[PDB]
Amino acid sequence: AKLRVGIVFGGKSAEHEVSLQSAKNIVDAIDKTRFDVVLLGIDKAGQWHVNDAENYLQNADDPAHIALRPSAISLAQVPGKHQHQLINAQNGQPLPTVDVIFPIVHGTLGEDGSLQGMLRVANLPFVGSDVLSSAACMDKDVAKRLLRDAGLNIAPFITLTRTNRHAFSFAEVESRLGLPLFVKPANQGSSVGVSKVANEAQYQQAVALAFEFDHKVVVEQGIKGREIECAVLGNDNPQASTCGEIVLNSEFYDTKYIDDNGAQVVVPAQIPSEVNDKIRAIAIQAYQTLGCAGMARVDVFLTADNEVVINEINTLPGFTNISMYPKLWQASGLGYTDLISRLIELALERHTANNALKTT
């Protein structure tokens, strides 16, 4: 009668270490009266392991050193099965069935739809957004096109590809978008490859760096404003937390082992309640437009005139004991343990919904 909850954390991605802490804190807060946890740790190589609750993290208390303890057991997944989908990769030995997955691998394979495709192929119910929404929210160019098309406010931008890169002069980009500009790879994370640009020198450098990381580079108008974030929860009836503020300054990737890169975070945002509600309602619209499920964190710019400009949507936000997404809910009447539970319930409901659908 207790559901086995498989927490998938770690990963090849550069956010590996923040993933380890998100996992530690979920493991610590999860209602042990309803759920048994199984630790499904992914290596920096991308291989899956079943870790032991007592011995899974090597420097749990030390962000710049924390690590996932090596394992004998590697895992494989068996497509089309409905039980025992996860096995020992050396010998076929089955793991007991996991009833739901809680993926908390930030970035590269966990947030971009890839992991979600695998879990869908394994008939594993899972927390959060599915393939399309996850892939779409990770491609900044696509997400923005979807937002613009929904009528929502977005930084004016253009997208460079390998085949139009040189169509645009710096003058041309400057005439289109004004200065300063931000230049980023379409598919990254944690400001890696993001540069702000005030002249043609910078611009050309900016573009070359970003093309080291993706085949599409987004170049957008600089927005002046506070950075406000909001936590959305639900499937068909999305609810918005109160808003929170993040303060990033230009003075310092050299700290992508701390969530939000150690920026100043304050919850609730010291903004008026009617602005807070306005951002809340926009966050739900955004959520809807990107087809998100389970949860998402919506990050916006709030300009001097209280215009709200959507910057990012993150489908697997940081989930440490002091990360923005859970604190926002905690400030809104929903505690960590109960948040975790709600996320699991939503995952199982959506799975039931999907399963009931006809195939022919």
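One rule holds for the numbers: they count along the sequence shown, beginning at 1.
In this entry, residue 252 is separated from residue 253 by 1 to 3 residues of the deposited sequence that have no coordinates. In this crystal structure, the stretch out of 85 to 93 and 205 to 213 whose C-alpha atoms carry the higher mean B factor is 205 to 213. Look at the C-alpha B-factors of 185 to 193 and of 135 to 143. On average they run higher in 185 to 193.
Based on the entry's C-alpha B-factors, the most elevated value among 317, 70, 294, 333 belongs to 70.
Reading the B-factor column for the CA atoms of 74, 242, 235, 116 in the entry, the top value corresponds to 74.
Residue 47 sits in the middle third of its chain by CA B factor, as recorded in the PDB entry. In the PDB entry, a CA B factor belonging to the lowest third of its chain's modelled residues is recorded for residue 127. Ranked by Cα temperature factor within the chain, residue 24 sits in the middle third according to the deposited record. Per-chain ranking of the deposited C-alpha B factor places residue 35 in the middle third. Annotation for residue 63: C-alpha temperature factor in the highest third relative to the rest of the modelled chain, per the entry.
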